[PDB]
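Novice: I would like to see how this sequence folds:
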Amino acid sequence: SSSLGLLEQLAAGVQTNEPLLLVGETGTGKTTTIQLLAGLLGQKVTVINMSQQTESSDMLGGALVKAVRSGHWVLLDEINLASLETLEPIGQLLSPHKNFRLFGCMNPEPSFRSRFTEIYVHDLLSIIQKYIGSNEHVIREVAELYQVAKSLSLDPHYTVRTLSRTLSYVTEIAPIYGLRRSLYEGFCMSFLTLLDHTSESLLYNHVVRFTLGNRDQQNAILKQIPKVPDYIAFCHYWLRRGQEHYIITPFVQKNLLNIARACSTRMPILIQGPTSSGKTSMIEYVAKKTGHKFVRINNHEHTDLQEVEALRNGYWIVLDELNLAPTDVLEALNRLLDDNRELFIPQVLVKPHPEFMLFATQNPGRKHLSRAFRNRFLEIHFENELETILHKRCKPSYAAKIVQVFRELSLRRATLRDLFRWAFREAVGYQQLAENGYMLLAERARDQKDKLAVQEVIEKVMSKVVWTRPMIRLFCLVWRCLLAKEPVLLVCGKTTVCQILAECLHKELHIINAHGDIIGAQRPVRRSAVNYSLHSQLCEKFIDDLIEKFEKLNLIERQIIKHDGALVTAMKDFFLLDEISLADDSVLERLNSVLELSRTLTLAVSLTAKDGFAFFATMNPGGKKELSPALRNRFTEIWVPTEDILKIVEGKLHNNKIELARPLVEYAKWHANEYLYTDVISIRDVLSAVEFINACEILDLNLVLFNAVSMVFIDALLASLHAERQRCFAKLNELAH
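Specialist: Residues are numbered from 1 along each chain as shown. Below you will find the coordinate block:
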C-alpha cells in the first residue's frame, strides 16, 4: 500500500509535467521510479548518477540534452550530494519537448530544492518469498529469516536491504555446495561479518540451526563433503572455482582467512582495518591457492589514471589504500563499478573471468571514504595469543612478561609493531637487559617525564664538535637505531647529532628542508649539449646536414633527445628530511611505502633497494600538523630537551678567558626569568655570546662581558626598559648621518 501511494504520487506528478524528487534511506525510490516507469510504459530510465561527474558532463561538452531531444526519463539521482550544478536547474527552468520525465531522486540546496515538487518516501515474508522461492521446511525458514530481520532490532549497523543481497547470495550458493539451512547460515555469515558481538551470531545460527534440525547438527553443518562434491575446492564450507608460502596461520588468522574465502567465490569486496595486520597478507595467502596473483595497486595520495591488465588477464587486482584516493580515480573507479567487468578507455570493455576484485580502506579523519562506496560492495572488517605469536617470529619468561607488560601498559594508559621491534631488537639473554631494552624502546617516545616514570614503574613490576651529557642520550639512541636500521624520527641539537653520526659512520648526509617530489623523483628536461654533439660528429664518419648524411649512410639519438631524486640519490646514504611534519602527503605516502622493512621507487615503476638509506628525519614540536598515527608510529621517534651549561661554555670559550661566562651564565638566567619569563638557558643566545666573548680583541674582561651582554641580551630587550637596562646593568654589576 505504501508502494501504491508512492506510485500514485509519482503518477500525479507525471501527469502535470513538474519536477519531482524523493528523499529517503533505501536506494529504492529509484527502484520505485524504474518500476512505475516500465509499469506505465518505460520511456528510458536515463539514470544519471549525478554525484561524480560534477557539473558539465551532465549538461554539455550532454546526457540531459540527449534525453530532452530523445524522450528518456532523467532520473537525476543523489542530488543531495552534488556541487553547484545549477545549470541543471536552469534547464529545468527552461520548461522544446513532448513528454520528458525529470524524476530526480534525492536521499536525505536552497533554490534547486525549492523548485522541484518533492514527495518524500515513507512483509519481509513477501520479499523473502520473491527472493527465495525454492518446502514447508523452507516456510519455517521464511519464519526464521523473518526472525532475523526482526531481530535486526538487537542494537546502518546491519541496515535494511543488506538482507536483500544476503538472500541473493543465498540463492547463489544454494545448489552450489549448499543445504538451504546451510545457505541461510552463509547469508547470516555475511550479515554478521562486520559486527560487535557474536551473540547475534549465536542467535542467527540458533534460528538457522533450529530450521536445519544440535552440537552434532552444527558439526553436520561442517560436513563439507557433499558440499565439495560438485572448480578447485578449498577446505571446509568452501569449494571455490579453479602454491603455498612461509605464511604460517594461527587460529584467528585462519578464521578471518576462511571469512575472506567465503567471500571469495561469489562476485566487489572491500576489507578495512589496520594496515600492519596484513590485509593483503591474507589476500595473497588465499591467492596462493591459485585463484590468481595479488596485484596490489598501492595508490598513495595523488595516484592518477596512469597507474586493465587484471581486467584482461586474471591476476586479481586490489586497488589498495583507497581511503586516500586522489578524488577522481575514485570517481572513475566507481564508474567502473557500474558495469561488472567492462572498462572503456580510448577500447570498450574487458568482461573478465574470475580472479577477485578486492579493495582495502583503513581503520576509520584523513579523507573518509564514500558511504555510497561503502554500500556498493560486500564489505569486510578485521594476551596469550600474543604470547604464542611472538614465540616463533622472535626467538619462557622474558617473552611472556613482555606481553604481560603490554597488557600492563594498556591497563595504565603503544604500538605492538614496536613490541616486535622490542623483541627482535632485544639480543639480551638477560631479563634485566631485556627489561632495559623494552624500557628504552618504550622510553623512546616520551613526550613527558610523567608517563615515562609511569612506564618505568610498570616495567619495574616486571670531529669538529663538542661532547655533552644531555645530548649523549640522543646520540646513543640514534646510534643504536642506526645499527637496527629502523626508521628514526626526532621531535636543541638535532642536526648536530645527525652530522655527528655522519661524521662517525663516514657517510654523505644528504639533508633537505621542509616545503618535494624531487626528494623522491624528478622529471626535468634532459643542460650542456652544444659542442658535445659537434665533437661527436667530429668523431664520426663524414653540421646538421652532415649528421643527416651520416644517418643515411647513439650520439645522434642522444642529440635528438635534447628520474633522479633525493632518497634515490641516497639510495645511490642517509636522508635527513628535516621538519617532516610540514612535508608533503603523497611523498609521505611513498615514504610510508619506503618505511616498513623495504624500499620502493614508485616511478612504469620499480622498487628501490636499501644499503643504509636511513630516513633519519626530524620534526620539531608544537601549520604543525602531525602525520597519520601510523606514519608517526611507523618510525621510531625520539624526544629531547644547570651549571654544566656553564661548563659547556667553558669548553666553548677561549683559552684563559674564564669567569666571564660564569657571570654570563647567571646573567642569562636573570635575563631569562626577567625578560620572557621561563627557565630555559636559551643556548642560541649564550652561544653567540661565547662567540663574541672569545672574539673579544680588546682587554678589560668585565668590559668585554659588558659590551657582550649589551650586544646579545640587553639591547635586544617603554623608556623604563632603559631603566631596566640599568637593572640589567645591575645584574651585570652584580656579575662585576
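
Novice: contacts for stretch 59-69?
Specialist: 44, 46, 48, 57-58, 72-74, 85, 87-88, 91, 97, 100 (CB atoms under 8 Å, 6 or more residues apart in numbering). Every residue, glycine included, has its C-beta placed from N, CA and C.

Novice: just how off-centre is that stretch within its chain?
Specialist: Here stretch 59-69 is found 39 Å from its chain centre; the criterion is CA atoms, centre = their mean, to the nearest Å.

Novice: number of nearby residues for residue 319?
Specialist: 23 (other CB atoms under 10 Å).

Novice: quick one: strands adjacent to the host helix or strand of it?
Specialist: Secondary structure assigned from DSSP states H and E places residue 319 in strand 317-320. Note on strand 317-320: by DSSP bridges, its sheet partners are strand 295-298 (parallel), strand 358-360 (parallel).

Novice: following that strand, which helix or strand comes up?
Specialist: Sequence order places helix 329-335 as the next helix or strand after strand 317-320, per DSSP H and E.

Novice: could I have the CA atoms of stretch 333-352 written out in PDB?
Specialist: Output of stretch 333-352 as PDB, limited to C-alpha atoms (Å, rounded to 0.1, in the frame of the first residue of the first chain):
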ATOM      1  CA  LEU A 333      36.700   3.600 -10.500                       C
ATOM      2  CA  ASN A 334      33.100   3.800  -9.300                       C
ATOM      3  CA  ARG A 335      32.300   4.400 -12.900                       C
ATOM      4  CA  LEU A 336      34.000   1.000 -13.500                       C
ATOM      5  CA  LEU A 337      31.700  -0.300 -10.700                       C
ATOM      6  CA  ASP A 338      28.700   0.500 -12.900                       C
ATOM      7  CA  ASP A 339      29.100  -2.500 -15.300                       C
ATOM      8  CA  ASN A 340      30.600  -5.700 -14.000                       C
ATOM      9  CA  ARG A 341      33.900  -6.000 -15.800                       C
ATOM     10  CA  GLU A 342      33.700  -3.600 -18.700                       C
ATOM     11  CA  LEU A 343      36.300  -0.900 -18.900                       C
ATOM     12  CA  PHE A 344      36.000   1.900 -21.500                       C
ATOM     13  CA  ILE A 345      39.300   3.700 -22.200                       C
ATOM     14  CA  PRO A 346      40.000   5.100 -25.700                       C
ATOM     15  CA  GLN A 347      38.700   0.400 -26.100                       C
ATOM     16  CA  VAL A 348      35.400  -0.600 -24.700                       C
ATOM     17  CA  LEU A 349      35.300  -3.500 -22.300                       C
ATOM     18  CA  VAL A 350      37.000  -6.400 -20.700                       C
ATOM     19  CA  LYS A 351      34.300  -8.800 -19.400                       C
ATOM     20  CA  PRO A 352      36.700 -10.800 -17.100                       C
END
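
Novice: who touches that stretch?
Specialist: Residues contacting stretch 333-352 (CB under 8 Å, 6+ apart): 52, 267-268, 308, 310-312, 314, 319, 322, 325, 370, 372-373, 376-377.

Novice: repeat that for stretch 143-152.
Specialist: For stretch 143-152, using CB under 8 Å, 6+ apart, the contacting residues are 124-125, 128, 132, 158, 163, 167, 184, 188, 191, 200, 203-204, 207-208, 210-211.

Novice: please pick the buried ones from the residues you listed.
Specialist: Buried by 16 or more other CB atoms under 10 Å: 124, 128, 132, 158, 163, 167, 184, 188, 191, 200, 203-204, 207-208, 211, out of the contacts of stretch 143-152.

Novice: near residue 328, how many other residues are there?
Specialist: Residues near residue 328, counting by other CB under 10 Å: 13.

Novice: list the residues that contact residue 34.
Specialist: For residue 34, counting by CB under 8 Å, 6+ apart, the contacting residues are 45, 47, 75.

Novice: closest one to residue 708 out of these, please.
Specialist: residue 47 (79.7 Å; CB to CB).

Novice: close enough to count as contact, the closest one and residue 30?
Specialist: Yes: at 6.7 Å, residue 47 counts as touching residue 30 under the criterion of CB atoms under 8 Å.

Novice: hmm, back to that, pick the most deeply packed of the strands paired with strand 317-320.
Specialist: strand 358-360 (a mean of 24; mean count of other CB atoms under 10 Å).

Novice: got a list of contacts for that strand?
Specialist: The contact list for strand 358-360 (CB under 8 Å, 6+ apart) reads 268-272, 279-280, 283, 316-322, 377.

Novice: next structured bit after it?
Specialist: That would be, after strand 358-360 and using DSSP H and E, strand 380-381.

Novice: counting by contacts, list what that following strand packs against.
Specialist: helix 251-263, strand 269-272 (3 or more CB pairs under 8 Å, 6 or more residues apart in numbering; DSSP states H and E).

Novice: mind putting the ones you listed into a markdown table with mean neighbour count?
Specialist: Output for these, formatted as a markdown table (neighbours: other CB atoms under 10 Å):
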| stretch | mean neighbour count |
| --- | --- |
| helix 251-263 | 17 |
| strand 269-272 | 22 |
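
Novice: any chance of JSON lines for the ones you listed, columns distance to residue 23?
Specialist: Formatted as JSON lines, those follow (distance: least, CB to CB, whole Å):
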{"stretch": "helix 251-263", "distance to residue 23": "32"}
{"stretch": "strand 269-272", "distance to residue 23": "26"}
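
Novice: mind checking which of the ones you listed is nearest residue 17?
Specialist: Per CB to CB, nearest to residue 17 of these: strand 269-272, 41.8 Å.

Novice: strand partners of the closest one, parallel vs antiparallel please.
Specialist: Strand 269-272 is paired, per DSSP bridges, with strand 358-360 (parallel), strand 380-381 (parallel).

Novice: keep only those of the contacts of stretch 143-152 that are in helices.
Specialist: When DSSP state H defines the helices, the subset of the contacts of stretch 143-152 inside them is 124-125, 128, 132, 163, 167, 184, 188, 200, 203-204, 207-208, 210-211.
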